[PDB]
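Below: one structure, written as structure tokens.
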There are 4 protein chains.
Amino acid sequence: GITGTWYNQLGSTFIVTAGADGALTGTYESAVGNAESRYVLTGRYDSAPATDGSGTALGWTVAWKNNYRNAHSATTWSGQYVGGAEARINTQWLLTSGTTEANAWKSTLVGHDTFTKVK
Amino acid sequence: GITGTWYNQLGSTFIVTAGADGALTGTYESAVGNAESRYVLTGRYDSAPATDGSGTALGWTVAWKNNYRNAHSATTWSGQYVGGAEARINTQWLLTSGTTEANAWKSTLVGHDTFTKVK
Amino acid sequence: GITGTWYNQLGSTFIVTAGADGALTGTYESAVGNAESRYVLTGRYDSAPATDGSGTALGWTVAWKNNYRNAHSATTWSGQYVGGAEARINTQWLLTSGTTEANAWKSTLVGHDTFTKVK
Amino acid sequence: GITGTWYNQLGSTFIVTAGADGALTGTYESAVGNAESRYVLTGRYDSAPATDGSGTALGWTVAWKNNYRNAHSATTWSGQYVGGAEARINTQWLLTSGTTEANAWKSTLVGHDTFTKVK
């Protein structure tokens with residue numbers, strides 16, 4: 001149930017394909033909704049999850065560089081798919097920016113995102 | 001300088017290719033060193049980093065499932081390459097395990113890894 | 001507005017006093033609601049927050065040891081108070097368990113809690 | 001062995017008292033070394049740690065406000081004391097800044113600190 005369009009709370013959109021081999025490929029759109037705000041996502045998911053009501057572990061990365069903008073940063077999301085009635089991807093993320101060694105201590109933001117298939 | 005074999009402190013080995021398009025592909029080996037402990041890694045890196053001594057932002061994901069073992073979990077690393085003399089990848093990571101909703105609060109470990117090209 | 005009883009989503013209860021000097025003192029109750037599940041909390045908050053609609057930065061620690069139970073672990077919450085109509089404390093937390101050096105890599109859980117004054 | 005002066009890699013200094021009741025009190029000095037860069041720290045530690053070579057779980061908070069400067073932010077450290085020969089406190093930390101709801105997603109930095117009793 002991972003393949004599809006997912007929306008976070010903040011209004012970002014993640015279009016993903018889950019391949020039989022464990023590969024995630026797709027696009028992440030920061031909230032705007034134009035070509036300029038689309039970035040390649042790659043990831044991995046558990047292709048053989050536990051049959052006991054456990055969620056499916058997954059993760060993906062976006063480098064914030066496309067043909068229009070380079071933020072010299074990358075976010076990774078680490079999380080799990082929950083195939084509920086209204087399914088959800090619950091994640092925590094790390095956004096690392098490229099820095100000098102002096103600013104390396106303040107390079108990494110952390111947060112959390114919930115995604116649904118409902119805008 | 002990202003393409004190559006990298007070793008973490010704990011003795012894990014990351015073989016990676018950095019493609020011109022921002023793609024990372026490769027294998028992550030938990031410390032053992034046999035076929036059974038090899039897992040596909042996919043990621044993204046900043047292909048056009050800042051020319052001011054800033055590091056290169058990157059991230060990658062391993063789902064802990066191969067032909068031999070499934071830990072029903074995924075780690076993402078978020079970090080930066082520093083093209084020093086002895087170059088390094090400084091990361092923080094999140095390891096999410098597939099869980100029940102009741103155990104979802106204790107699903108995610110966080111830590112940090114430094115990688116070098118020197119065993 | 002920090003002084004009071006706050007409830008997280010999971011059903012834990014935080015009773016806190018915010019002193020004029022920046023001190024937080026109080027008790028954290030894991031969801032049960034008896035004397036056996038009460039632990040001392042200590043923390044700090046910004047006593048002079050920005051007058052521009054910014055939240056108030058705060059943090060606190062619970063060592064999971066009382067007269068009844070010792071989990072040999074400590075959680076810290078780092079967050080901000082938002083004096084809305086229905087006010088909230090938005091936090092992320094780290095739960096570190098005492099471990100051997102060999103298990104030090106898996107010592108630290110991370111997550112997030114929202115607290116309200118409404119059960 | 002927690003009571004004493006501890007130095008992080010970056011050159012910050014933590015003077016702490018570990019009380020019999022689980023309380024940490026003290027001062028955190030960002031790297032400078034003058035009165036202007038001293039801040040109150042409060043925390044908790046496991047007063048009865050495991051007798052099996054496990055570290056002692058601890059955590060503390062500094063609100064970045066003193067009589068001289070207010071950064072409208074708070075750091076929490078979550079970690080463990082390891083009573084080695086050369087003892088160490090291994091931590092991960094969260095630095096939350098007070099923000100608007102719009103900037104709440106980028107409010108929280110994460111990192112790691114190792115402390116020793118050796119400058």
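Within each chain, counting starts at residue 1; across the structure tokens, chains are named A, B, ... in the order shown, with ligands numbered 1 upward in that order.
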query = Mind listing as number ranges by chain which residues of chain A are within 8 Å of chain B, counting only C-alpha atoms?
reply = A: 22, 41-50, 53-65, 70, 72-80, 92-101, 108
request  = Select from chain C everything DSSP, run on the backbone, classes as strand (DSSP E or B), then give the selection as a PyMOL selection string.
outcome  = chain C and resi 4-8+13-18+23-29+38-45+56-65+70-82+88-97+108-116
Take the residues from that selection and write them out as a compact mmCIF listing (two decimals), in the first residue's frame, keeping C-alpha atoms.
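That gives us out-v4.txt:
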# COMPACT_ATOMS: atom_id res chain seq x y z
CA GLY C 4 -0.25 23.54 35.54
CA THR C 5 -1.23 19.93 34.68
CA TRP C 6 -0.42 18.87 31.10
CA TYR C 7 -1.43 15.60 29.37
CA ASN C 8 0.40 14.01 26.42
CA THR C 13 0.55 13.53 32.99
CA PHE C 14 3.13 16.27 33.74
CA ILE C 15 2.48 18.55 36.77
CA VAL C 16 4.94 21.49 36.58
CA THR C 17 5.77 24.75 38.37
CA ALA C 18 7.54 27.49 36.33
CA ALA C 23 13.34 26.66 37.01
CA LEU C 24 10.81 23.86 36.14
CA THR C 25 10.03 21.43 38.98
CA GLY C 26 7.32 18.81 39.13
CA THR C 27 6.28 15.22 38.60
CA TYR C 28 5.86 13.11 35.54
CA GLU C 29 3.32 10.26 35.67
CA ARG C 38 5.24 9.17 39.71
CA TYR C 39 8.80 10.49 39.02
CA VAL C 40 10.55 13.83 39.83
CA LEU C 41 10.96 16.17 36.80
CA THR C 42 13.45 19.08 36.75
CA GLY C 43 13.95 21.54 33.90
CA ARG C 44 14.60 25.09 32.66
CA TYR C 45 12.50 27.52 30.58
CA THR C 56 8.77 29.83 24.94
CA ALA C 57 11.75 27.36 24.76
CA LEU C 58 11.83 24.81 27.60
CA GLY C 59 13.25 21.40 28.50
CA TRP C 60 13.08 18.92 31.36
CA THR C 61 14.51 15.57 32.43
CA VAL C 62 12.99 12.54 34.26
CA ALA C 63 15.28 9.76 35.53
CA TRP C 64 12.98 6.69 35.58
CA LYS C 65 13.76 5.87 39.25
CA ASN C 70 14.18 1.84 38.49
CA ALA C 71 14.28 1.53 34.63
CA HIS C 72 18.00 2.65 34.63
CA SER C 73 17.08 5.25 31.95
CA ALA C 74 16.36 9.01 31.62
CA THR C 75 14.19 10.96 29.15
CA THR C 76 14.81 14.60 28.26
CA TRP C 77 12.15 16.67 26.49
CA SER C 78 13.23 19.74 24.47
CA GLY C 79 10.39 21.93 23.24
CA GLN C 80 8.37 25.12 23.37
CA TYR C 81 5.22 26.37 25.11
CA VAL C 82 2.72 28.04 22.72
CA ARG C 88 0.30 23.39 23.97
CA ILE C 89 3.83 22.18 24.73
CA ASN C 90 5.37 20.69 21.52
CA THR C 91 8.48 18.58 22.33
CA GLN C 92 10.87 16.09 20.96
CA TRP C 93 12.46 13.73 23.43
CA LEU C 94 15.47 11.43 23.92
CA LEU C 95 15.22 8.35 26.19
CA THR C 96 18.74 7.04 27.02
CA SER C 97 19.08 3.68 28.85
CA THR C 108 18.94 6.19 22.78
CA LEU C 109 15.31 6.39 21.59
CA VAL C 110 13.89 9.60 20.03
CA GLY C 111 10.34 10.71 19.61
CA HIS C 112 7.86 13.55 20.02
CA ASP C 113 5.09 14.49 22.49
CA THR C 114 2.36 17.17 22.31
CA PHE C 115 0.94 18.15 25.76
CA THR C 116 -2.38 20.01 26.44
key: Distance in Å - atom CA of residue D:84 versus atom CA of residue D:10   =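 Distance reported for this atom pair: 21.4 Å.
Distance-wise, atom CA of residue D:87 and atom CA of residue D:35 end up 27.2 Å apart.
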Straight-line distance linking atom CA of residue C:9 with atom CA of residue B:105, stated in Å to one decimal = 10.8 Å
message = Give me, as a PyMOL selection string, the residues of chain B that a backbone DSSP run labels helix (DSSP H, G or I).
response = chain B and resi 35-37+101-106
Prev. selection, N, CA and C atoms, output as a PDB file, in the first residue's frame:
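Dumped to out21.pdb:
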ATOM      1  N   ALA B  35      28.713 -12.486   2.883  1.00  0.00           N
ATOM      2  CA  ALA B  35      27.586 -12.229   1.950  1.00  0.00           C
ATOM      3  C   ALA B  35      26.279 -12.058   2.731  1.00  0.00           C
ATOM      4  N   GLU B  36      26.120 -12.830   3.810  1.00  0.00           N
ATOM      5  CA  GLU B  36      24.929 -12.870   4.695  1.00  0.00           C
ATOM      6  C   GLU B  36      24.718 -11.512   5.371  1.00  0.00           C
ATOM      7  N   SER B  37      25.752 -10.685   5.496  1.00  0.00           N
ATOM      8  CA  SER B  37      25.604  -9.425   6.253  1.00  0.00           C
ATOM      9  C   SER B  37      25.710  -8.211   5.325  1.00  0.00           C
ATOM     10  N   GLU B 101       1.023  -0.292  16.974  1.00  0.00           N
ATOM     11  CA  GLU B 101       0.731   1.113  17.350  1.00  0.00           C
ATOM     12  C   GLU B 101       1.089   1.341  18.825  1.00  0.00           C
ATOM     13  N   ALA B 102       0.857   0.348  19.687  1.00  0.00           N
ATOM     14  CA  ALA B 102       1.149   0.409  21.135  1.00  0.00           C
ATOM     15  C   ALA B 102       2.649   0.604  21.377  1.00  0.00           C
ATOM     16  N   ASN B 103       3.500   0.076  20.502  1.00  0.00           N
ATOM     17  CA  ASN B 103       4.972   0.134  20.693  1.00  0.00           C
ATOM     18  C   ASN B 103       5.583   1.158  19.741  1.00  0.00           C
ATOM     19  N   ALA B 104       4.747   1.969  19.095  1.00  0.00           N
ATOM     20  CA  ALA B 104       5.190   2.924  18.063  1.00  0.00           C
ATOM     21  C   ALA B 104       6.072   4.009  18.710  1.00  0.00           C
ATOM     22  N   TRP B 105       5.821   4.348  19.984  1.00  0.00           N
ATOM     23  CA  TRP B 105       6.596   5.353  20.757  1.00  0.00           C
ATOM     24  C   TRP B 105       8.063   4.903  20.889  1.00  0.00           C
ATOM     25  N   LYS B 106       8.351   3.603  20.984  1.00  0.00           N
ATOM     26  CA  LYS B 106       9.729   3.082  21.153  1.00  0.00           C
ATOM     27  C   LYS B 106      10.249   2.470  19.834  1.00  0.00           C
TER      28      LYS B 106
END
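Among the candidates C:12, C:20, C:51, C:67, the one nearest to residue C:32 when counting only C-alpha atoms is C:12.
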